[PDB]
Each structure stands twice: as C-alpha cells, then as structure tokens.
Amino acid sequence: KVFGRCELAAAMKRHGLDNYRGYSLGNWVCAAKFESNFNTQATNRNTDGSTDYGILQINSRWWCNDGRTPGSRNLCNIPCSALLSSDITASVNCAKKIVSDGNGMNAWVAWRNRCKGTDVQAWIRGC
Ligand SMILES: [Cl-]
Ligand SMILES: [Cl-]
Numbered sequence: 001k002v003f004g005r006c007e008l009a010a011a012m013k014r015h016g017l018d019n020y021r022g023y024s025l026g027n028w029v030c031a032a033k034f035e036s037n038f039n040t041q042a043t044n045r046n047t048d049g050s051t052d053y054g055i056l057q058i059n060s061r062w063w064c065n066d067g068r069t070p071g072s073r074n075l076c077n078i079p080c081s082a083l084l085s086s087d088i089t090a091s092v093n094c095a096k097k098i099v100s101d102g103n104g105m106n107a108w109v110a111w112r113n114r115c116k117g118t119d120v121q122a123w124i125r126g127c
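Residue numbers (the authors' numbering): 1 to 127.
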C-alpha cells in the first residue's frame, strides 16, 4: 500500500516512533517519503548484492535476511519479506533496533541527505 502522509504519521505514532531515541515523528515521516515514497513494497538492489526493503528501506546485508545477500548479519532477526507487508509493525521494530545501534538515523541515506537539517516538524503539520 501507499500511505498518505498524515496516515503514516498516525500509524508511526501508534507504533512508538515519536521522539524514539531522540528523533521526533517528523524525522520518520520524512525518511519514509524519501526512502520509499510511502510505499510499503518499495525495493531497491545495491551494488554489494544487498537489497533495501519496504517503507523504511531496511538493508539485507546488516538488518534483515533475504537469503541472497553475501555477508548477511540479520541483526533485526527478521526475514526481509516480512518488511513488505502493508502493516508497518515489522519495519518499525527493525527501525527501532537500527536507530539504537550507535549512529542514529544516519543509517537512512535519504534521511541524511534530504531530511536532516530541515524543519522536519512540517511533515506532521496539519495531521
Ligand atoms: Cl516532528
Ligand atoms: Cl526474504
């Protein structure tokens, strides 16, 4: 499914992402917009043989297991296929592990390049 902006903000808030590990909700909505365009089924293949999966583009080298990525670590202990559900539970739970690993939201390239440093609260305005 393709979430609307406020629809995703409300779901992310129910799943505990607002201010999680120091990141206000607008960070997570902005991240999803530029990572997946709010589509829970987005996938993108990388040069290293990994693939990024779902609404938050979680990577198959470090975080989820897709069975075809060399050097897999599966630190979220989840099959990547579960991250293509229209229900964001599995992606949120893995995102919480990622953002707790020591480099904050810098794991998300699109967030680093296109959200960080902007007024991210605008992404939840009007909701
Ligand atoms: Cl915010
Ligand atoms: Cl998989």
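The C-beta atom is built at its ideal place from N, Cα and C for all residues, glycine as well.
Distance cut-off 7 angstroms: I55 Cβ against heavy atoms of ligand 1:
As a position in the sequence shown, residue 55 is number 55, starting the count at 1. No, ligand 1 has no heavy atom inside 7 angstroms of this Cβ.
Going by CA-CA distance only, name the one from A11, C6, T118 and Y23 that's closest to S100.
Residue numbering aside, residue 100 sits at position 100 when the sequence shown is read from its first letter. Measuring from the Cα of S100, the nearest candidate turns out to be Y23.
Beta carbon of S50 nearer than 8 angstroms to that of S36:
Taking the first residue of the sequence shown as position 1, residue 50 is located at position 50. Taking the first residue of the sequence shown as position 1, residue 36 is located at position 36. No, the Cβ-Cβ distance between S50 and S36 is not below 8 angstroms.
Taking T40 and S85 to be in contact with their CB atoms under 8 angstroms, please state how far apart those CB atoms are, rounded to whole angstroms.
Taking the first residue of the sequence shown as 1, we reach residue 40 at position 40. Taking the first residue of the sequence shown as 1, we reach residue 85 at position 85. Their Cβ separation, rounded to whole angstroms, is 7 angstroms, which keeps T40 and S85 in contact under 8 angstroms.
Please tell me whether, using a cut-off of 7 angstroms, the distance from the CB of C94 to the nearest non-hydrogen atom of ligand 3 is below it.
Questions concerning ligand 3 fall outside what the structure shown contains, since the ligands it does hold are ligand 1 and ligand 2.
Determine the contact status of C6 and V120, defining contact as a CB-CB distance below 8 angstroms.
In the sequence shown, the residue the question calls residue 6 occupies position 6. In the sequence shown, the residue the question calls residue 120 occupies position 120. Cβ distance not < 8 angstroms, so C6 and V120 don't count as in contact.
Would you mind stating whether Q57 and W108 have Cβ atoms separated by less than 8 angstroms?
Position 57 of the sequence shown, counted from the first residue, corresponds to residue 57. Position 108 of the sequence shown, counted from the first residue, corresponds to residue 108. Their beta carbons are under 8 angstroms apart, which means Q57 touches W108 by this criterion.
Cβ of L17 versus every heavy atom of ligand 1: is any distance shorter than 7 angstroms?
Here residue 17 is taken as the residue at index 17 of the sequence shown, counted from 1. No.
For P70, is the beta carbon positioned less than 7 angstroms from some heavy atom of ligand 2?
The residue labelled residue 70 in the question sits at position 70 within the sequence shown. Flag unset: Cβ of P70 not near ligand 2.
Using only CA atoms, which one of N93, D18 and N19 lies nearest to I55?
Position 55 of the sequence shown holds residue 55. The residue with the shortest Cα to Cα distance from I55 is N93.
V2 to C127 span [Cα, whole Å]:
Here residue 2 refers to the residue found at position 2 when the sequence shown is read from its first residue. Here residue 127 refers to the residue found at position 127 when the sequence shown is read from its first residue. Going from the Cα of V2 to the Cα of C127 covers about 17 angstroms.
Span of the beta strand (DSSP E), counted from its first residue to its last, around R45
What you label residue 45 is simply residue 45 of the sequence shown in a count that begins at 1. Here the beta strand (DSSP E) through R45 covers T43 to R45.
Just mark residue 155 as buried or exposed, buried being the case when its beta carbon has 16 or more other beta carbons within 10 Å.
Nothing can be reported for residue 155: it is not among the residues displayed for the chain, which extend from 1 to 127.
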